[PDB]
Every structure is written in structure tokens, then in C-alpha cells.
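Residue numbers start from 1 in every chain, and the chains themselves are labelled A, B, ... in the order their sequence lines are given, proteins ahead of strands. Note that ligands are numbered from 1 as they come in the structure, with each ligand's atoms numbered from 1 the same way. Both backbone and side-chain heavy atoms feed into the values below; hydrogens, waters and symmetry mates do not.
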Amino acid sequence: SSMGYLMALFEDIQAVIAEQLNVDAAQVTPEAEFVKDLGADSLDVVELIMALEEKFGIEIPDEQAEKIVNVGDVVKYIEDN
Amino acid sequence: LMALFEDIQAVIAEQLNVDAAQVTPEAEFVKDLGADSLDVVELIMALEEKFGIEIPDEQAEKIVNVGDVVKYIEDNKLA
Amino acid sequence: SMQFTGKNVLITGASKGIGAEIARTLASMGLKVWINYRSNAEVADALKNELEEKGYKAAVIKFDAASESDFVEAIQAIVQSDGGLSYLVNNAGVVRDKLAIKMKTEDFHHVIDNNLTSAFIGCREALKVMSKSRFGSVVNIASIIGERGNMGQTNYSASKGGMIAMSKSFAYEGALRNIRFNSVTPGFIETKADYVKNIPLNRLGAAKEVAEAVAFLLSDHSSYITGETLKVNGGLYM
Amino acid sequence: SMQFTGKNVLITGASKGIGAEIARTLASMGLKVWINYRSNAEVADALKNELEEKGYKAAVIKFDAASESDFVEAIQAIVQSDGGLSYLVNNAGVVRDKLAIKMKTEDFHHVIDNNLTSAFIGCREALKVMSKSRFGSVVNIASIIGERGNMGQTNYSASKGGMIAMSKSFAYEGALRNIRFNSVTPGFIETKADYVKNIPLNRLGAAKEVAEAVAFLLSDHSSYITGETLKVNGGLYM
Amino acid sequence: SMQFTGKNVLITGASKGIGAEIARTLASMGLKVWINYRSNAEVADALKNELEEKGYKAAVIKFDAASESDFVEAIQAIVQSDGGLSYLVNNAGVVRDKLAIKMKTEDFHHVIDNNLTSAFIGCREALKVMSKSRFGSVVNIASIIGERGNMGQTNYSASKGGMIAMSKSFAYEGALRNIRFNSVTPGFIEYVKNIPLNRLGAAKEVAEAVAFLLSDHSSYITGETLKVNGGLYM
Amino acid sequence: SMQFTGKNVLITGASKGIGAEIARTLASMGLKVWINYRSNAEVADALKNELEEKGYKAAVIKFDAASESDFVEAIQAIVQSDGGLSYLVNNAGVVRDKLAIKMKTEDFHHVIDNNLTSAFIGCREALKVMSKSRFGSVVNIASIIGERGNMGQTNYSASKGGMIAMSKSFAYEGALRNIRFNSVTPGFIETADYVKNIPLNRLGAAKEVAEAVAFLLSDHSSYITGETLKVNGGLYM
Ligand SMILES: *P(=O)(O)OCC(C)(C)[C@H](O)C(=O)NCCC(=O)NCCSC(=O)CC(=O)CCCCC
């Protein structure tokens, strides 16, 4: 089902972010921001986007990726376009 | 005249590691140009090889300046 | 030929060799050239006479470029006479090469004091007289290479490397007022075959070829070039 | 107004920017300029017409400077038209900036092949066609980025640092036949306030300021200069 | 021994010559050395055994350093085996000298592709695998001088100058993670009158300079090119 | 640490800062260090005591490194005490910054004579005392300022750019007898405007300069002479 998929998708995204930024997965909520809340620096975010890009086999254009600031942005992006 | 001086001046300059302008007729090998003991022997043997002469030790000791050796070499080399 | 917005140039140590050809070249490009000499006036006078006979603008000026007060007064005299000074060529170096273990610190002082302090005074006074106009160019020229090979040059290299670095510092200090500072390092200049041996272009350089490199760095064509060292050596060093 | 013994010059990638101003400058000093372009002819045609309307000599020529056969044939065509080729400017180049972690190997190859191999082909063909003349001058347009490197430009810096070094090796191989090879390393050229903060001259360079340095290196005035890298960066790098 | 915070190192083109001596030197200094070979397994296996018989840690790994997939996967395998990769030495260069007018563009392309792309891939992957440790050091080694004179080196100089400028650009990118990048330019390693020290250099003298640039002793040195040539060029 | 065939080293201007850290580092790798100082001896004596209490070999020696007779006699005294002198570090130097238009030739000469002539004397004497044994290594402590220049530092940049070039000519003169000469060019050393333009995003530690000096003295750099080793965190490449 659609929520079943959401659950599983969010769980995959959460684990990527949690290793990339070395934070506990419970800190990785839809509203958490990579930098302000999860201790990322600018390069961490670039590395995070690449880590997501080849787990989910997508290309996030630089112009798109500039606007991806929190965990929910990633969920919406994959789950959309 | 001058051609032999230039030729000899060049040998002296490279042997003693000085710029040529220091190697004037009045310049003394030891006092002005800083030749030490090994330098004197090396320079003698180089000029002897270049010009095919052999200088008596007693006469080498009386060559104090550059003009002295140029004069010695004109007088003693083969035409 | 080359284009110059400025009108006159002072060349230190300009009586003979590279210095005289710099004066000759820059005068033929339309600058009024000031020919500095330190001791015997006759060669400088003859150069000035030669250039004027060829239809150029030239004057002689006696001073010791290693003397702070003498150099300062000479530039004041030029500014009084001409209204200003657009360009400066520091070329008052001396050469005295010895192996380091044979060289007294007096000998080292002799070369460094003369070569570096002269270029320092000239560059400093160029900042002072060039800054109001928001325009100027200064070339610092290193000594011609002394011997074949790499020995005997500890005071030569100290002088040359010091000049190049201090020129870069002047480049920062003059930059906002559009006063450029650049260096020229000549190779073996005819001013034999064993020397030409290691020169890719297979010949000694002409003094005129160095003078035209200096002219380029003074000219408007190098207007975005400052803090540079231009080698004029036929490929001897790359 | 600089002096040129040679009569013509080929400038790769000369439609716009620095390459077009090189063509503008050299045509104004009396050389016949060959304006290379790879795909869209309109801008090159317009440049050629502009120069011809000023009374200068100009022609356009289509080829990809990264293609050995295309470049080789184009120089052959110029030699058939003009009788020879005196001067060459390797200006063609592209950028594809990216942090290295985001850079595909193809992104790296694209810049190397287009920027460095192109200059190899031109330098090699210059050696061939200028050798029987025992005369020529070649300028390689590099960049400050090839001297100091830069974040996001691993590929561009590699291509331009390779160009600067390769040029010196061509200088050695062409020197006996009086074929000179020199590079220019422009800084930030206008053809942002943060980047200007670091430039001592406190402005971006004009394309004309690069072009006139290139002109100097092709001209007879630099006849004892080979194997050099001329910085044109306003003091941004010394 | 020289002090190293890191634990292991990958040396491309490690089977012979300078690369093999870098392996010996670094292994003797306590690093686990990964010996890259592309064709001949026998020589690399002999080196690994030599080092293991001396009480050092060593492994061999086969890949073409100019192949993107092969080199990427090889670093991945080392990270899987050892937990990470502290150090990298790019030394996979080839020398194919010819007069320029006798050089085909495909010859130029092949040398430059091998020499620059291998260093590019190595340096790029170093940035990736070293970033989380916020630590690392990478040395890019130029080809040794292979000519008595100044002719026949247009693709040699293109490769060397390209590698030196590349490395500087990597130094800017890696500095954001305390990853240093430096180059080494060897001279004549085994015309001798043009060498001030009046002898050829030993491969071990290159290896110990490489070791210094990897070691903690060079921790404020990045974007530098270290000449190891006995004064041949200053 | 690092391997040394030589046994002792003289460091000019070694009482504090980078010079003292060179003494500290080299002493910790087994060399007997001679700590030059000119003026007040208490700081130098305290360094010597510190190093001896750490189990190392150290001695102080007073001389003006800009004085030919004083420097020459000091090296003679070390050769008499120790049997010879393996290593020399020319670190003595002063700064007197000011814009050039406010700088008397006096202010220029002082820095030139103090910073460049001292290194000349030291390198010259190193050639003399190291030649018989066909072994030596000499490091000249220069600066990034000598490589790229700086506003307000026409005198310092002249002295350090002169030092860098002069060191290469010494390398040519000492090479046949295995006496190596190299320079180090530190950037901004602790002994955020500055730090902005430094890629490693920090000032260098004096120890980081000292270990680069140690490398160039050590046997590990045995095929390296006439080099200028940048220690600047990427500030200049
Ligand atoms: P070494 O260390 O054995 O000799 C030094 C010494 C003891 C001879 C000492 O300088 C000296 O005693 N007196 C210097 C006064 C003197 O003898 N001057 C003339 C120098 S000898 C000379 O000039 C001969 C020479 O070199 C000619 C050069 C060769 C060209 C023919």
C-alpha cells in the first residue's frame, strides 16, 4: 500500500542519513535539518546527496539539490519526480 | 697580443671561480683572486696542458700577477 | 614600437651596456630619457649627444644610486625640470663573484648594499612621485649572468632573489595607485661557443633584446602585469 | 605598432572573448588573422567583417582544434592560401567545473582532450610548418589556475598546468630553428567583488590586456624570450 | 620510524623500482601496504612475501589504475578489508618519449590518458574514502627523468605539469577534511655531471621523501611539489 | 621521528618561538643542540635546562649571528668541543614592518644585514667545517613573504627572497662534498582574517615548521638539495 511504501522508503532514507551524518536514527525526523539539527557541514550535505543518489539510482540536479535542506525534502523528492 | 690575454684570462677566471672583470693584468693570483695552494697547482697544470709548456717551479713562484703569466706564455709557447 | 602614456624615464647606471641600450631604445620610442651615471661623465655625455643627434630627447644626471640622499635629490631635480616622472628603470647593480669560502662579508655587503639598496631607494621614491598621478611603471633589472656554470654566485643570487621578492612587495604597495613593479632577469648578453652551448636559441642575447623587454613592461601594453619577473635568456632557464 | 617579421597568425577558438580580442589586436598591428571557430560561424563572420571594414586582413576557418586531422588540414589550407604560417595562438579551451567527488572521468577527459591535446596538435604542426622558415612564434593561452590550482577545477588546472609545461618542451625542440614557444597565464578577465578584493590592481583585466601581452610574445620585441610563462593577472598571483 | 596516525596505504604501480621501495619503506615503518600490480603477479607476490617474512603487513591487489571502475572497486575492497584507507601513493605513470614532429596524437593521448587519469581517479577516490576520518595524505609521484637532454619530452612534460597542477587543486578540496595532497618529482634515479650531488639517486631516497609527505611530520604541508633530484633542478 | 647520521646542530636565534621549537624537536630525535642567543641568557638557559631534564643533549652559546667574527668563532668553539658540526639551521631574523614610503634606508639595511648576511656567514662557515668529512646539512629558515612579497614588508621580503636564492647557490657549492642546503618557507605560524585564506583553516604550529626542518637535516632527504620547502597549510602553492 501507499503508506506501506512510505514507511519502507522513509526507513531506507533514515538509515542513509544516520550513517552519513553519524547521528542516531531517532534524530532523523522529517523536520530535522541536516546542518542546524543533525550537525552537518556544507560538504557533508554534498556527500549526503551523492549517498542518496546512488542508493536510489537518481540524479538530483545541483539546482534542485540546493533546496534540499531537511529530511522531509528528501522524502518528497524521491517520492516525487 | 690581446687575443692571447683573453684566452688566458678565460682559463684563469674559470679555474679560480671569479668573474672575468677581476682578472686584469695587475691582479695577483693569491692576494687579489684568492687562489689557494691546490688552486695554484691546478692552474699551472691547466695552462701547461693548454699551451704545451712546462714552467720551472722556481719561475712559477715568481709569477705573481696575470700579466706575468701572459708574458711567460707568449715567450715560451710554440708559434 | 610600443605605446606609452607617460613621457619620461630615469635609468640608473645608464652609461654603458644594457643601460645605454635601454636609454637608446626608450628614447627611440619617444620618451625623454634621463641617463644616470656615478663617476666619469664622458660616456654618458656621448650617449646623450648621440641620442639628441638622432632626434631624440635625452639628459644626463649625476648621482650615486646607492646613496639615499643623492637619489632623492636627483628625482626631485627631474620632477622640477619635467613636471613629474612616469617611469623608472633600476639597473645600478655591480658584480663581484667569488666562491663563498673565499668571500669576505665585506665583499658580500658590497654587492648586496649596492644592488638592493639602490633598487629599494628608486622604488620607494617612485611610489612618492608617481602616486599623485595614479600612473607609473618601474622595472628592476638583475645583473647579467657572470660566469658559465653555477659556482661563485652566492652574492649574485642573494642580490637577484632579494630584488625579485622586494619588487613583488612594491607591487602590492603601488597597486591601488596604478604603479606597476616588475623585474627582468637577463641571461648571457653580448655586452663564446662554450656559453652558447647551453642556450636553446644558440646565441648570446643582444642588449637591444633586453631593452625591448624592459620597454614592454614600462609600456601601456603590460597594464595588467605587476609583480612579474620576465626572463630574457634564450631558454637558458625555464 | 609592435614589429612583426612574420605576416599571418592562426588563433584557435577566436570567435569571442580573449580569442577575439587577440584577433582584433593582431589585425590592427598589420597581421593577417585567421579566426578559428568550431561550430557557429555567425559570430566569427561578424568579427571578420568588423576587421575588414577597418582596413585589416582577416579570414575565418572552421575546424575542431581537438581533432588531429581537422587541425592538421586547416593549417595545410592556410599554408596553401598564404604560402606559410608565421604565428600560432593556442587559445581554444573549455571549462567544466565540479568538485572532484562529483566529477565523472568523462568530465575530466573532456577538458583534457579539448584543452591540452588541442595545444599539442597546434604546437606540433607549428614546428613542422615553421621549421623550413627557421622562423616562428607560438603563444599558448593558459591560466592562473594552471599555476596555483583551484577548488572545483581539478580538470581545468590539469589541462592548463600541462599546457604550461608542455610549452617549455616545445620551446626546447623549436629553439635551434628560431621557433619560440611561450605561455600567457591570465588571471580574472572580464570577457565577483570577492574575487576583485584579492587582485592588487583592484579590477578585473580587460581582454585587450591579455591580447597585447600575447602580441608582445609573438612580436620581434620578444625575440630572446622562449620557454616563458607571462603572468597577466593584476598581481593576483606572484 | 617516522610517525603515522594512519594505518594503511595503497601504492599504485608498486611491483618494481620506486614503487616497490615505497612499499618496503612504508611497511618497515609499520603501515600495512597494499601493492598494486596490473600484469605480473609473481613480482608482486615476491614483494609481499619479503615484507611478511620481515614481520611487516602487506597485501597485493590487481587493477589497472587508469581504469575508473577497476581502481574504484579496488579501493572499495581495501576499505572492506581494513576498515578504511589512510594513505595513497599515485605512481602508475608511463614514459614514451619521441620528438614532437614524430609523435602521433594517439601516442600523446595514450600517455596523458594513462598518467593524468590514473592520478585523477586515485585522488578523487581518496577524497571519498578519507573524508569521514577527517584525515589523510596522498602523494602524486611524477615519472623519473628519462632523457639526458631536453628533447622528446612534450608528452612527458604535459603529464608532469598536469599532475602537479591537478594535485594543487585537490589540495584545496581535501583541505576541508584535513586530507593533504603533495607531489614528488624525482630526478635521475637508478649527464651525471649536470647533477650537483654527482650521483644517481637511489629509489630508497625517493621512497623516504614520499614517506615524509605521508607522515604526521608534514601535517602543515599541502599543495607542495617536493623535488628529489640531487640539485638537478632548483 | 627521523634518522640522522650527524651528531650535533647549531640553531641561530634559538631561544624562543620557532627557533626554540627546532631545538626542542631536534634534541628529542637524539641530536646535541647548540642554542644560539644574543642578548639575555635566562630564556636560553631555561630552554637548555628543559631539554636536559627531558633526557636530551643541549648547550647554549652566545653570539650575534650578524657579526662575522662572532659567528665564525662560535662555530670554531663548537668544533673544538664536539669534534665537528654536522648540521646548521640559520633561523636568526628580525622584522621591522612599515610601508616603504615611511622606511628609511636605515630600516632597510638593518633587516637586510641582520637577516641575510647572517645566513651568508653561517652557510659559508658550514662549507668550511663540513667539507673535510664530506657530510653536512644546512637549513635556512625563510618565509612565505620571500616567495610572494607583502605590503609593508619590502625589507623583510628582500631579505628572505635573497635568502632563498642564495641558499641554492650554496647548494651548488657544497654538493660535491655532500653538504646539502635547503630552505623552509613557513606561512602563518602561531608562535580569522589570516586563517580565511589558509586551506587547512588554521595557523601552523611551530612544531610543524620544526619537523620540516628536521626532515631536511635528516638522512631521509639525502637526495634533496637546493629545495625550498613550503610549510604554509596551502596558503601559497
Ligand atoms: P699552500 O697552502 O701550500 O700555500 C700557501 C702559502 C704558504 C704559499 C702562502 O700563501 C704564501 O706563503 N705567500 C703568498 C705570497 C706569494 O708567494 N705570492 C705569489 C703566489 S705563488 C704564485 O702566484 C704562482 C702562481 O700561482 C702562478 C699561477 C699559475 C700560472 C703560471
Undergrad: Among B/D68, B/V70, B/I63, B/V64, which one puts a heavy atom closest to atom 23 (O) of ligand 1?
TA: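 When every heavy atom of B/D68, B/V70, B/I63, B/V64 is considered, B/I63 comes closest to atom 23 (O) of ligand 1.
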Undergrad: So, is B/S37 polar-close to ligand 1, with some N/O to N/O distance under 3.5 Å?
TA: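 Min N/O separation from ligand 1 is below 3.5 Å for B/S37.
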Undergrad: Right, does atom 3 (O) of ligand 1 have protein non-hydrogen atoms nearer than 4.0 Å?
TA: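 Yes.
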Undergrad: Near F/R38 CZ, under 6.0 Å, is it more than 12 heavy atoms from other residues, nucleotides or ligands?
TA: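 No, not enclosed.
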Undergrad: Number the atoms of ligand 1 from 1 as they appear, then name those within less than 4.0 Å of a heavy atom of B/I44, with their elements.
TA: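 Those atoms are 29 (C).
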Undergrad: Under 4.0 Å from atom 8 (C) of ligand 1, do we find at least one protein heavy atom?
TA: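 No, there is none.
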Undergrad: Tell me whether atom 11 (C) of ligand 1 lies less than 4.0 Å from at least one protein heavy-atom position.
TA: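 Neighbour list for atom 11 (C) of ligand 1 is empty of protein heavy atoms (cut-off 4.0 Å).
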Undergrad: Once rounded to the nearest 0.5 Å, what's the spacing between atom OG of F/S67 and atom CD1 of F/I121?
TA: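 One finds 6.5 Å between OG of F/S67 and CD1 of F/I121.
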Undergrad: Please report which non-hydrogen protein atom sits nearest to atom 20 (C) of ligand 1, along with the residue it belongs to and the distance in Å to one decimal place.
TA: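 So the nearest neighbour among protein heavy atoms is B/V30 CG2, 3.5 Å.
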Undergrad: What is the closest protein heavy atom to atom 31 (C) of ligand 1, and at what distance does it sit?
TA: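 Nearest protein contact, heavy atoms only, for atom 31 (C) of ligand 1 is B/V69 CG2, 3.4 Å.
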Undergrad: Backbone N or O of F/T228 within a donor-acceptor pair of the F/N182 side chain at under 3.5 Å?
TA: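 No, F/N182 side chain to F/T228 backbone: no donor-acceptor pair under 3.5 Å.
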Undergrad: Quick test of your reading of the structure: of B/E61, B/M45, B/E28, whose heavy atom lies closest to atom 19 (C) of ligand 1?
TA: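 Selected option, by shortest heavy-atom distance: B/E61.
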Undergrad: Protein heavy atoms: any of them under 4.0 Å from atom 26 (O) of ligand 1?
TA: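 At least one protein heavy atom is under 4.0 Å away.
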Undergrad: Going by heavy atoms, is B/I55 under 4.0 Å from ligand 1?
TA: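 Under 4.0 Å: no for B/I55.
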Undergrad: I want to check something: taking the side chain as every heavy atom from C-beta on, are C/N140 and C/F120 in contact at a cut-off of under 4.5 Å?
TA: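 Contact flag for C/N140/C/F120 side chains = no.
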Undergrad: Indicate whether atom 16 (C) of ligand 1 is within a distance of less than 4.0 angstrom of some protein heavy atom.
TA: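 No.
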Undergrad: Does B/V40 reach ligand 1 with a nitrogen or oxygen that is under 3.5 Å from one of the ligand's nitrogen or oxygen atoms?
TA: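 Checking ligand 1 against B/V40, no N or O pair falls under 3.5 Å apart.
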Undergrad: When you measure from the heavy atoms of B/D36 to every atom of ligand 1, does any distance fall below 4.0 Å?
TA: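 B/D36 does not count as a contact of ligand 1 under the 4.0 Å cut-off.
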Undergrad: Flag the pair F/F4 / F/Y87 as yes when their ring centroid distance falls below 6.0 Å, and as no otherwise.
TA: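 Yes - the distance between ring centres of F/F4 and F/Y87 falls below the 6.0 Å cut-off.
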Undergrad: What class does the angle between the rings of C/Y195 and C/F188 fall in, given that below 30° is parallel, 30 to 60° is tilted and above 60° is perpendicular?
TA: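 Rings of C/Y195 and C/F188: perpendicular, as their planes differ by over 60°.
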Undergrad: List the residues meeting side-chain hydrogen bond (donor to acceptor under 3.5 Å, both in side chains) with C/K208, not counting sequence neighbours, and say none if there are none.
TA: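 With neighbours one apart ignored, the set is empty.
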Undergrad: So that I can tick it off, tell me whether B/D39 and C/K102 are bridged by a salt bridge, with the cut-off set at under 4.0 angstrom between side-chain N and carboxylate O.
TA: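 Yes, C/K102 and B/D39 are salt-bridged.
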Undergrad: Does a sphere of radius 6.0 Å around CG in B/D75 hold more than 12 heavy atoms from other residues, nucleotides or ligands, not counting ones at 6.0 Å or beyond?
TA: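 Buried by this count: over 12 neighbours within 6.0 Å.
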Undergrad: When you compare the side chain of D/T226 with that of C/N233, does any pair of heavy atoms fall below 4.5 Å?
TA: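 Answer no - side chains too far apart.
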Undergrad: Using a strict cut-off of 4.0 Å, indicate which atoms of ligand 1 neighbour a heavy atom of B/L47.
TA: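 Checking each atom against B/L47, I get 30 (C).
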Undergrad: If we set the cut-off at 4.0 Å for heavy atoms, which region of B/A60 has an atom near ligand 1: side chain, backbone, both, or neither?
TA: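 For B/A60, the contact with ligand 1 is made by the backbone alone.
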